[PDB]
């Protein structure tokens, strides 16, 4: 005998159970996962899919007992099913983690176990995981254990316990544009990093709006069909005074030219110090081989590799593993449901920090992109996950956004942090400070 059992209340947030289970798996022998059933008459769904995922990812196997509850808000039907379905075996210690579930479930499961085992002088203990100071507090023993730097979770386990699948991500050694600009990516990335670190981001993004996007963006497949481009180029020449081609050749700053001249000669958007305008001998395949990949990277993809490279320094010194706790280009889906894409993911302990990146200074576009990162990390990491939005907006607008999209969760620490264009140079440090503090 001498069996020790752990009773977990399984709600719609599975992460708090996973953390407590990992910390107490060894010191207990059997596990009771109290979940819920589906009853559309009472508008109640089931937390069983989370209970299956908690059994699998904690690897409790057959040492796990599933206790179903028919009504999560009916005191009578809770205690009824409890006596009829709680294990009849003897135990030396009965530990309850009432962190999840309803309040009804919590109240009636706590008092029932208190009067079924603690009534038999069998060790009884309650526990609740603080989502604010990251501690597991014991009711009777009065112990407060911080599981912040002890319990660790990865991106695959975190999304699977939240019922997401097909988890794809990229690494420092598997970035897509490392292949598109092979034997030249480091040079292009180094040059851009210099300018952004030199507080030239506002100037770069301005140049990206005019003329970069005035010339290289328009009709779909503008840069994959020469005819569309050549017609587009001639139309811009007709604008004369307001022509972006004139501004590209003449008013383009030098740090831009250095970035452009960093691209491989076969994939340069410039003809020395002027805009490369293809002739009638240049085919549609030649254009995409030179313009498409370079334009896509300068349209916002550089800002993603920048932030990921800026933060990679502090992370490797914090002994965090790549592909497990940090990565880029995160994609996943629910079964028979559309996919999602998060620019940068980062997991400090078990707190998921989702980072969405945009080079925009427009209020509406940044606000919606913040809206998105809040909801994704909610569906992906839980209701206690952080969302940081890095934008090209100024400090004032950035601050307003944080205030506008702020939701009271009971924690002084903010879960929605917006970073402005000024923070770009030291974004790596600014994030490290935010995430680890």
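Numbering follows the first chain given and starts at 1.
- According to the PDB record, 236-244 carries the higher mean C-alpha B-factor of the two stretches 236-244 and 149-157.
- In this entry, 113-121 has the higher mean Cα B-factor, the comparison being between 276-284 and 113-121.
- Per the deposited record, 336 carries the highest C-alpha B-factor of all listed residues (336, 343, 209, 130).
- Of all the options 200, 367, 230, 301, the entry's greatest CA B-factor is assigned to 230.
- Sort the chain's modelled residues by C-alpha temperature factor and residue 218 lands in the middle third, per the entry.
- Residue 25: CA B factor lies in the highest third for its chain, per the PDB record.
- Ranked by C-alpha B-factor against the other modelled residues of its chain, residue 174 falls in the middle third.
- Per the PDB record, residue ranking by Cα B-factor puts residue 87 in the highest third of the chain.
- Ranked against the other modelled residues of its chain, the C-alpha B-factor of residue 69 as given in the entry falls in the middle third.
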